[PDB]
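**Q**
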Amino acid sequence: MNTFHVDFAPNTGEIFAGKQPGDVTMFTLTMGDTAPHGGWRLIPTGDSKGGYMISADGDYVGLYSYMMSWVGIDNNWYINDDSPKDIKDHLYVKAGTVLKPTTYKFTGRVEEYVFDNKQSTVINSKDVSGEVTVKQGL
Ligand SMILES: OC[C@H]1O[C@@H](O[C@H]2[C@H](O)[C@@H](O)[C@@H](O)O[C@@H]2CO)[C@H](O)[C@@H](O)[C@H]1O
Ligand SMILES: *S(=O)(=O)c1ccc(CCN)cc1
Ligand SMILES: [Cl-]
Numbered sequence: 173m174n175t176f177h178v179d180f181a182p183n184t185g186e187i188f189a190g191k192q193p194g195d196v197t198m199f200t201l202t203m204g205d206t207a208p209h210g211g212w213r214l215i216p217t218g219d220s221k222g223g224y225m226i227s228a229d230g231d232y233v234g235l236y237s238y239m240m241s242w243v244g245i246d247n248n249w250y251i252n253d254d255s256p257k258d259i260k261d262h263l264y265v266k267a268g269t270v271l272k273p274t275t276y277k278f279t280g281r282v283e284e285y286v287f288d289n290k291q292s293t294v295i296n297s298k299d300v301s302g303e304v305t306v307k308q309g310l
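Just so we're aligned, residue 173 is where the sequence shown starts under the numbering used here, counting upward by one.
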C-alpha cells in the first residue's frame, strides 16, 4: 500500500576541487514510513559497490553516513528505527578528502524491513542514484 517515502538528492551548493577543509555532504537521503517497520538499509549497486562514489576520471571516493552504520560484510549501511518520523541522513566525504574538478556518481538501492523473531524481511525498496559535478578550486 503506500506511506513509504524515500528521497535521494545530490548536494545543491558548490563543491570545489581539492582537499576539502571539512566534512562535505555529497547526498541527502530522507526516509520515512508511518506504517510499522523495523529499519532501513542502503545497498550500493554497480561501481558504487562497497560505499563509493565513482568519478568520470575513474577514481573511487568512499562515502560516510551520519545516521547509519556501515557493514562491509553485507555491503550496506543500516539503521534500526521503529519510528513514524523521518530520518534525515547525509552521505558525506571527510575533512581532507581530495576531490577533482569532475563528475562523481553513486547508485544504490534502499530497503525498508521488519523483524520477525528476529530476522529481517524487506517490505519496501527503491533504486537511488545521483551525481555531483565538482568545480575547479582552490
Ligand atoms: O539489525 C538488522 C541489521 O543487521 C545487520 O547485520 C549484522 C550487523 O553487523 C550487526 O548489527 C550485528 O549485530 O550482526 C548483524 C547480523 O545479521 C545487517 O547488515 C542490516 O542490513 C540489518 O539487517
Ligand atoms: S574503501 O575501503 O576506502 C571504503 C570506502 C567507503 C566505505 C563506506 C564508509 N564507511 C567503506 C569502505
Ligand atoms: Cl559510514
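Virtual Cβ for every residue (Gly too), placed ideally from N, Cα, C.
Expressed to the nearest angstrom, what Euclidean distance is found between the alpha-carbon atoms of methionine 239 and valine 196?
**A** Going from the Cα of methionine 239 to the Cα of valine 196 covers about 15 Å.
**Q** What is the C-beta distance between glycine 218 and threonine 293, in whole angstroms, given that I count them as a contact (C-beta under 8 Å)?
**A** Rounded, the Cβ-Cβ distance is 25 Å, inconsistent with contact.
**Q** Roughly how many angstroms separate the alpha carbons of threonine 175 and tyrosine 232, rounded to a whole number?
**A** Roughly 35 Å separates the two Cα atoms.
**Q** Nearest-angstrom Cα distance between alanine 207 and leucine 201?
**A** So the alpha carbons of these two residues sit roughly 19 Å apart.
**Q** Between which residues of its own chain and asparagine 252 is the CB-CB distance below 7 Å, once the five residues before and five after are set aside?
**A** Cβ neighbours of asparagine 252 beyond the five flanking positions: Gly210 and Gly211.
**Q** Counting along the chain, where does the beta strand (DSSP E) carrying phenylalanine 287 start and finish?
**A** From DSSP, the beta strand (DSSP E) with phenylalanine 287 extends over 275-287.
**Q** I'd like the list of long-range same chain contacts for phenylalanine 188, defined as Cβ closer than 6 Å, with 5 residues on each side in sequence excluded.
**A** Once the five neighbours on either side are set aside, the close Cβ partners of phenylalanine 188 are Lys307, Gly309 and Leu310.
**Q** With a Cβ-Cβ cutoff of 8 Å, do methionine 203 and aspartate 258 count as a contact?
**A** Cβ atoms of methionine 203 and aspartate 258: closer than 8 Å.
**Q** Find out if the Cβ-Cβ distance for the pair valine 282, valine 300 is shorter than 8 Å.
**A** Cβ distance < 8 Å, so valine 282 and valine 300 count as in contact.
**Q** Bridge partners of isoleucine 259, per DSSP?
**A** Partner(s): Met203.
**Q** For the region 181-260, list the beta strand (DSSP E) runs that are entirely contained and at least 3 residues long, ordered along the chain.
**A** For the region 181-260, whole beta strand (DSSP E) runs of length 3 or above, ordered along the chain, are 196-204, 211-216, 224-227, 232-234, 241-243 and 248-252.
**Q** Going by DSSP, which residues form a beta bridge with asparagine 174?
**A** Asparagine 174 is not bridged to any residue.
**Q** If distances are taken between C-alpha atoms only, which option among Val286, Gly190 and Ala267 comes closest to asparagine 296?
**A** Closest option to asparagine 296, Cα to Cα, is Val286.
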